[PDB]
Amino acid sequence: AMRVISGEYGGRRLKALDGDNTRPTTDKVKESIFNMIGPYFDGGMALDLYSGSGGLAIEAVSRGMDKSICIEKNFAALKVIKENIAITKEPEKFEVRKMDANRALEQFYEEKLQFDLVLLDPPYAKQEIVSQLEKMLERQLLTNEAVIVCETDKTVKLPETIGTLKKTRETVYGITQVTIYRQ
């Protein structure tokens, strides 16, 4: 069963969305991601653009980030992420918004926000990572030391360079590819 790996909420059990045979984000991959980019953070704001049950957003805050904004496509996910946020007992550190992912980026621009961590785990058929990152650069949605974590099927070919972002690491764990970008 899914669990927070490390940090303040480490070891706490989380609820997963109902299975639908799509590419998972395993706890082992989650651990690998956060140990690579962290393992801990001195504050900051994270964006979890396809948050689902919220495991990555929660891991970020557990490990020291001040706040995660979690974007959701499907109404059904809202009760699951709410339950998981409740398990942290720090609901003020999370914001869940039910809206289109691309519309979310333009709202963040309206809100004059910048993110220290961006987590991008789109459904395979809705993957627009390069366009989205170009949008984030266009709208200056990234802090100076922001890091982007992408999760894709191992068959996806993400570019070495996206505007001022450069791929710094890329690792395959089974069929899940984790790609890291930094400015």
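Residues carry their position along the shown sequence, with the first being 1.
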Stretch exceeding the other in mean C-alpha B-factor - 160-168, 17-25: 17-25
118-126 or 64-72, whichever carries the higher mean Cα B-factor: 118-126
Just to confirm, going by the entry's C-alpha B-factors, which of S53, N35, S131, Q140 comes out highest? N35
Should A146 be placed in the lowest, middle or highest third of its chain by the C-alpha B factor in the entry? highest
